[PDB]
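Pasted below: input.pdb, PDB, C-alpha atoms.
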```
ATOM      1  CA  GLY A  35      37.140  57.513  22.665
ATOM      2  CA  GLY A  36      37.799  60.907  21.144
ATOM      3  CA  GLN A  37      41.048  62.755  20.654
ATOM      4  CA  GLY A  38      42.127  66.361  20.732
ATOM      5  CA  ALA A  39      45.396  68.162  20.371
ATOM      6  CA  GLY A  40      47.357  71.245  21.231
ATOM      7  CA  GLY A  41      49.286  73.460  18.880
ATOM      8  CA  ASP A  42      52.944  73.829  17.963
ATOM      9  CA  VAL A  43      54.842  77.099  18.171
ATOM     10  CA  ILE A  44      57.965  78.090  16.260
ATOM     11  CA  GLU A  45      59.918  81.272  16.925
ATOM     12  CA  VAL A  46      63.049  81.893  14.893
ATOM     13  CA  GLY A  47      64.392  85.292  15.824
ATOM     14  CA  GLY A  48      66.514  87.322  18.166
ATOM     15  CA  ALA A  49      64.873  88.006  21.503
ATOM     16  CA  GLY A  50      64.699  91.484  22.932
ATOM     17  CA  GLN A  51      67.891  93.463  23.305
ATOM     18  CA  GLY A  52      68.225  96.802  25.075
ATOM     19  CA  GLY A  53      69.442 100.258  24.271
ATOM     20  CA  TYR A  54      69.204 102.169  27.530
TER      21      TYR A  54
ATOM     22  CA  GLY B  35      39.888  55.509  26.100
ATOM     23  CA  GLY B  36      40.746  58.791  24.478
ATOM     24  CA  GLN B  37      44.053  60.511  23.907
ATOM     25  CA  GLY B  38      44.976  64.160  23.897
ATOM     26  CA  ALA B  39      48.283  65.879  23.503
ATOM     27  CA  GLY B  40      50.310  68.943  24.278
ATOM     28  CA  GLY B  41      52.246  71.126  21.903
ATOM     29  CA  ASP B  42      55.891  71.314  20.888
ATOM     30  CA  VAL B  43      57.643  74.654  21.205
ATOM     31  CA  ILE B  44      60.734  75.553  19.192
ATOM     32  CA  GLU B  45      62.935  78.608  19.407
ATOM     33  CA  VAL B  46      66.130  79.213  17.439
ATOM     34  CA  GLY B  47      67.464  82.589  18.420
ATOM     35  CA  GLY B  48      69.647  84.641  20.703
ATOM     36  CA  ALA B  49      67.912  85.224  24.021
ATOM     37  CA  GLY B  50      67.813  88.684  25.516
ATOM     38  CA  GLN B  51      70.908  90.814  25.937
ATOM     39  CA  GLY B  52      71.454  93.926  27.974
ATOM     40  CA  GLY B  53      72.480  97.306  26.742
ATOM     41  CA  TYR B  54      72.561  99.464  29.849
TER      42      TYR B  54
ATOM     43  CA  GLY C  35      38.404  57.613  30.600
ATOM     44  CA  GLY C  36      41.341  59.620  29.343
ATOM     45  CA  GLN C  37      42.909  63.052  29.146
ATOM     46  CA  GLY C  38      45.889  64.922  27.787
ATOM     47  CA  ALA C  39      48.612  67.035  29.292
ATOM     48  CA  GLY C  40      49.689  70.641  29.097
ATOM     49  CA  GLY C  41      51.973  72.158  26.510
ATOM     50  CA  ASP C  42      55.636  73.049  26.665
ATOM     51  CA  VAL C  43      56.349  76.627  27.736
ATOM     52  CA  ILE C  44      59.246  78.974  27.010
ATOM     53  CA  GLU C  45      60.107  82.470  28.140
ATOM     54  CA  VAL C  46      62.991  84.464  26.718
ATOM     55  CA  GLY C  47      64.121  88.065  26.429
ATOM     56  CA  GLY C  48      65.495  90.694  28.765
ATOM     57  CA  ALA C  49      67.247  94.039  28.584
ATOM     58  CA  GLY C  50      67.367  97.758  29.348
ATOM     59  CA  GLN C  51      66.351  98.797  32.814
ATOM     60  CA  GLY C  52      64.748  96.314  35.187
ATOM     61  CA  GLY C  53      62.589  95.649  38.213
ATOM     62  CA  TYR C  54      59.842  93.167  39.158
ATOM     63  CA  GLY C  55      60.648  91.326  35.925
ATOM     64  CA  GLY C  56      60.328  87.640  36.654
ATOM     65  CA  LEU C  57      58.089  84.696  36.097
ATOM     66  CA  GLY C  58      55.730  82.407  37.993
ATOM     67  CA  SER C  59      53.858  79.363  36.754
ATOM     68  CA  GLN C  60      51.559  76.553  37.857
ATOM     69  CA  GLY C  61      51.360  73.697  35.378
ATOM     70  CA  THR C  62      48.572  71.216  34.750
TER      71      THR C  62
ATOM     72  CA  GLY D  35      35.448  59.596  27.135
ATOM     73  CA  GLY D  36      38.497  61.571  26.090
ATOM     74  CA  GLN D  37      39.912  65.072  25.883
ATOM     75  CA  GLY D  38      42.753  66.996  24.340
ATOM     76  CA  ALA D  39      45.063  69.336  26.133
ATOM     77  CA  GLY D  40      46.573  72.761  25.986
ATOM     78  CA  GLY D  41      48.988  74.434  23.632
ATOM     79  CA  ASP D  42      52.321  76.125  23.949
ATOM     80  CA  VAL D  43      53.317  79.615  24.952
ATOM     81  CA  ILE D  44      56.309  81.803  24.233
ATOM     82  CA  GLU D  45      57.200  85.207  25.553
ATOM     83  CA  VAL D  46      60.017  87.186  24.012
ATOM     84  CA  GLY D  47      61.099  90.797  23.703
ATOM     85  CA  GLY D  48      62.317  93.332  26.215
ATOM     86  CA  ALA D  49      64.035  96.690  26.046
ATOM     87  CA  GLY D  50      63.908 100.370  26.922
ATOM     88  CA  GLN D  51      62.868 101.240  30.421
ATOM     89  CA  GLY D  52      61.342  98.653  32.734
ATOM     90  CA  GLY D  53      59.140  97.905  35.705
ATOM     91  CA  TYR D  54      56.388  95.385  36.525
ATOM     92  CA  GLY D  55      57.250  93.672  33.243
ATOM     93  CA  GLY D  56      57.030  89.970  33.918
ATOM     94  CA  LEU D  57      54.775  87.029  33.504
ATOM     95  CA  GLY D  58      52.418  84.675  35.311
ATOM     96  CA  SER D  59      50.655  81.619  33.942
ATOM     97  CA  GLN D  60      48.403  78.743  34.981
ATOM     98  CA  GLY D  61      48.234  75.934  32.436
ATOM     99  CA  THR D  62      45.480  73.410  31.739
TER     100      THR D  62
ATOM    101  CA  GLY E  35      32.634  61.692  23.808
ATOM    102  CA  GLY E  36      35.702  63.677  22.843
ATOM    103  CA  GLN E  37      36.981  67.224  22.622
ATOM    104  CA  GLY E  38      39.705  69.223  20.967
ATOM    105  CA  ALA E  39      41.931  71.575  22.867
ATOM    106  CA  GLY E  40      43.545  74.949  22.964
ATOM    107  CA  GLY E  41      45.941  76.728  20.670
ATOM    108  CA  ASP E  42      49.219  78.511  20.999
ATOM    109  CA  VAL E  43      50.222  81.980  22.069
ATOM    110  CA  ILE E  44      53.189  84.222  21.369
ATOM    111  CA  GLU E  45      54.105  87.603  22.736
ATOM    112  CA  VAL E  46      56.819  89.826  21.317
ATOM    113  CA  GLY E  47      57.925  93.437  21.168
ATOM    114  CA  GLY E  48      59.177  96.094  23.539
ATOM    115  CA  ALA E  49      60.866  99.493  23.349
ATOM    116  CA  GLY E  50      60.553 103.124  24.375
ATOM    117  CA  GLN E  51      59.459 103.776  27.910
ATOM    118  CA  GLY E  52      57.941 101.093  30.108
ATOM    119  CA  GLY E  53      55.803 100.164  33.071
ATOM    120  CA  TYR E  54      53.040  97.636  33.840
ATOM    121  CA  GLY E  55      53.874  95.952  30.529
ATOM    122  CA  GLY E  56      53.708  92.242  31.207
ATOM    123  CA  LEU E  57      51.522  89.257  30.769
ATOM    124  CA  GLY E  58      49.177  86.830  32.486
ATOM    125  CA  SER E  59      47.460  83.780  31.050
ATOM    126  CA  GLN E  60      45.223  80.877  32.077
ATOM    127  CA  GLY E  61      45.134  78.097  29.498
ATOM    128  CA  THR E  62      42.387  75.594  28.697
TER     129      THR E  62
ATOM    130  CA  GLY F  35      34.210  59.579  19.347
ATOM    131  CA  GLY F  36      34.932  62.959  17.833
ATOM    132  CA  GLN F  37      38.048  65.029  17.483
ATOM    133  CA  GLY F  38      39.194  68.601  17.531
ATOM    134  CA  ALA F  39      42.490  70.343  17.168
ATOM    135  CA  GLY F  40      44.482  73.394  18.132
ATOM    136  CA  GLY F  41      46.074  76.155  16.160
ATOM    137  CA  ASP F  42      49.745  76.291  15.225
ATOM    138  CA  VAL F  43      51.695  79.537  15.299
ATOM    139  CA  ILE F  44      54.837  80.533  13.410
ATOM    140  CA  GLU F  45      56.529  83.911  13.728
ATOM    141  CA  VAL F  46      59.774  84.144  11.760
ATOM    142  CA  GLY F  47      61.172  87.421  13.004
ATOM    143  CA  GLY F  48      63.208  89.145  15.658
ATOM    144  CA  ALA F  49      61.520  90.412  18.794
ATOM    145  CA  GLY F  50      61.603  94.035  19.793
ATOM    146  CA  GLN F  51      64.679  96.033  20.710
ATOM    147  CA  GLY F  52      64.934  99.375  22.482
ATOM    148  CA  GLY F  53      66.204 102.831  21.761
ATOM    149  CA  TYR F  54      65.828 104.643  25.057
TER     150      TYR F  54
ATOM    151  CA  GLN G  23      67.549  79.851  11.389
ATOM    152  CA  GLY G  24      68.505  77.303   8.753
ATOM    153  CA  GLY G  25      66.493  74.357   7.592
ATOM    154  CA  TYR G  26      63.821  72.415   9.436
ATOM    155  CA  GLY G  27      62.235  69.011   9.551
ATOM    156  CA  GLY G  28      58.783  67.689  10.223
ATOM    157  CA  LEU G  29      56.622  68.541  13.197
ATOM    158  CA  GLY G  30      53.016  68.014  14.127
ATOM    159  CA  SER G  31      51.227  65.607  16.415
ATOM    160  CA  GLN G  32      49.604  62.399  15.226
ATOM    161  CA  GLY G  33      46.573  60.281  15.986
ATOM    162  CA  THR G  34      45.025  56.811  16.210
ATOM    163  CA  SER G  35      47.127  55.618  13.254
TER     164      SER G  35
ATOM    165  CA  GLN H  23      70.929  77.303  13.951
ATOM    166  CA  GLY H  24      71.886  74.755  11.315
ATOM    167  CA  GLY H  25      69.874  71.809  10.154
ATOM    168  CA  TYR H  26      67.202  69.867  11.998
ATOM    169  CA  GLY H  27      65.616  66.462  12.113
ATOM    170  CA  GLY H  28      62.164  65.141  12.785
ATOM    171  CA  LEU H  29      60.003  65.993  15.759
ATOM    172  CA  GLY H  30      56.397  65.466  16.689
ATOM    173  CA  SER H  31      54.608  63.058  18.976
ATOM    174  CA  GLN H  32      52.985  59.851  17.788
ATOM    175  CA  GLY H  33      49.954  57.733  18.548
ATOM    176  CA  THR H  34      48.405  54.263  18.772
ATOM    177  CA  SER H  35      50.508  53.069  15.816
TER     178      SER H  35
ATOM    179  CA  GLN I  23      64.379  82.133   8.903
ATOM    180  CA  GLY I  24      65.336  79.585   6.267
ATOM    181  CA  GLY I  25      63.324  76.639   5.106
ATOM    182  CA  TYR I  26      60.651  74.697   6.950
ATOM    183  CA  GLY I  27      59.065  71.293   7.065
ATOM    184  CA  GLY I  28      55.613  69.971   7.737
ATOM    185  CA  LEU I  29      53.453  70.823  10.711
ATOM    186  CA  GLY I  30      49.847  70.296  11.641
ATOM    187  CA  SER I  31      48.058  67.889  13.928
ATOM    188  CA  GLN I  32      46.435  64.681  12.740
ATOM    189  CA  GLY I  33      43.404  62.563  13.500
ATOM    190  CA  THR I  34      41.855  59.093  13.724
ATOM    191  CA  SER I  35      43.958  57.900  10.768
TER     192      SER I  35
END
```
Same coordinates, now as structure tokens:
Amino acid sequence: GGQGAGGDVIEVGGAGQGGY
Amino acid sequence: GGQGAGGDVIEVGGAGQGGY
Amino acid sequence: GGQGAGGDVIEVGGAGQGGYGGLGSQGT
Amino acid sequence: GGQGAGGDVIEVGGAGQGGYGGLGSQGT
Amino acid sequence: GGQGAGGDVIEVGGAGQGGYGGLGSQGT
Amino acid sequence: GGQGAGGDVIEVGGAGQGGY
Amino acid sequence: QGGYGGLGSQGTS
Amino acid sequence: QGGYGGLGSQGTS
Amino acid sequence: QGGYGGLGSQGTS
């Protein structure tokens, strides 16, 4: 019985704004 | 019997905004 | 036996002009 | 037996002009 | 038996002109 | 029974904006 | 922004 | 924003 | 931004 894992993301920032 | 896992996302930030 | 499950997903962001901008997904 | 499973995704960002800008995904 | 599993992804960024700029992914 | 792992990701910053 | 706490999966403990 | 607490899955404890 | 805490998967502990 053998494990694994995924990975954790963190994103602290303003998403894309526009300028058009 | 073997485990696994997913991953935990995190985001702390303003989602997109328009500018048109 | 055994297995694990997929990972959380996020999409963000949007601006400017537009068109055909939209998602689609098929989990585990 | 045993097995792990997938990891997360994020998409961000968007600006300027646009067109055909959008995702698609098929997890584990 | 046993096996690890995939890792994360991030996408970011966008400006200027545009077109055909968008993703696609197929995890573990 | 043997393990593995995934790979974490951290991006502390604001996504892209536009100027068009 | 601001502070955080722990994260990270575990195993077989 | 602001503070956080713990997160993270567990296992077999 | 700001501070962080632990991360990182585990194993077989």
Would you mind listing, for every residue of chain A within 8 Å of chain E, the two atoms forming the shortest contact and the distance between them in Å to one decimal, using all atoms listed in the file, sorted by chain and ascending residue number, as JSON lines?
```
{"residue": "A:35", "atom": "CA", "partner": "E:35", "partner_atom": "CA", "distance": 6.3}
{"residue": "A:36", "atom": "CA", "partner": "E:36", "partner_atom": "CA", "distance": 3.9}
{"residue": "A:37", "atom": "CA", "partner": "E:36", "partner_atom": "CA", "distance": 5.8}
{"residue": "A:38", "atom": "CA", "partner": "E:38", "partner_atom": "CA", "distance": 3.8}
{"residue": "A:39", "atom": "CA", "partner": "E:39", "partner_atom": "CA", "distance": 5.5}
{"residue": "A:40", "atom": "CA", "partner": "E:40", "partner_atom": "CA", "distance": 5.6}
{"residue": "A:41", "atom": "CA", "partner": "E:41", "partner_atom": "CA", "distance": 5.0}
{"residue": "A:42", "atom": "CA", "partner": "E:42", "partner_atom": "CA", "distance": 6.7}
{"residue": "A:43", "atom": "CA", "partner": "E:42", "partner_atom": "CA", "distance": 6.5}
{"residue": "A:50", "atom": "CA", "partner": "E:48", "partner_atom": "CA", "distance": 7.2}
```
Dump of C-alpha atoms for the selected residues, as a compact mmCIF listing (two decimals), in the coordinates of the input:
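selection.txt, freshly written:
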```
# COMPACT_ATOMS: atom_id res chain seq x y z
CA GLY A 35 37.14 57.51 22.66
CA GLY A 36 37.80 60.91 21.14
CA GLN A 37 41.05 62.76 20.65
CA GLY A 38 42.13 66.36 20.73
CA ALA A 39 45.40 68.16 20.37
CA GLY A 40 47.36 71.24 21.23
CA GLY A 41 49.29 73.46 18.88
CA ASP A 42 52.94 73.83 17.96
CA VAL A 43 54.84 77.10 18.17
CA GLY A 50 64.70 91.48 22.93
```
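Neighbours of residue 46 of chain F closer than or equal to 12 Å, with all atoms listed in the file counted and sequence neighbours fewer than 5 positions away skipped, come out as residues 43, 44, 45, 46, 47, 48 and 49 of chain A; 44, 45, 46 and 47 of chain B; 44 and 46 of chain E; 23 and 24 of chain G; 23, 24, 25 and 26 of chain I.
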Distance filter 12 Å, all atoms listed in the file, chain I against chain B, as an MDAnalysis selection string: chainID I and resid 23:24 29:34
Put the listed atoms of chain G in a box along x, y and z with 4 Å added on every side and give me the centre and edge lengths in Å to one decimal, as lines of an AutoDock Vina configuration file.
```
center_x = 56.8
center_y = 67.7
center_z = 12.0
size_x = 31.5
size_y = 32.2
size_z = 16.8
```
Matching every Cα in sequence order between the two identical chains, what are the coordinates of chain A once fitted onto chain F? Write them as a compact mmCIF listing (two decimals) with C-alpha atoms, in the frame of the given file.
```
# COMPACT_ATOMS: atom_id res chain seq x y z
CA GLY A 35 34.20 59.66 19.41
CA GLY A 36 34.83 63.08 17.93
CA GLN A 37 38.06 64.96 17.48
CA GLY A 38 39.11 68.58 17.60
CA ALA A 39 42.36 70.41 17.28
CA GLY A 40 44.29 73.50 18.18
CA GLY A 41 46.20 75.77 15.87
CA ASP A 42 49.86 76.18 14.97
CA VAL A 43 51.73 79.47 15.22
CA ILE A 44 54.85 80.51 13.33
CA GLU A 45 56.77 83.70 14.05
CA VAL A 46 59.90 84.38 12.03
CA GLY A 47 61.21 87.78 13.01
CA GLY A 48 63.30 89.80 15.39
CA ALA A 49 61.64 90.42 18.73
CA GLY A 50 61.43 93.88 20.20
CA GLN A 51 64.61 95.88 20.61
CA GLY A 52 64.90 99.20 22.43
CA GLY A 53 66.09 102.68 21.67
CA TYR A 54 65.83 104.54 24.95
```
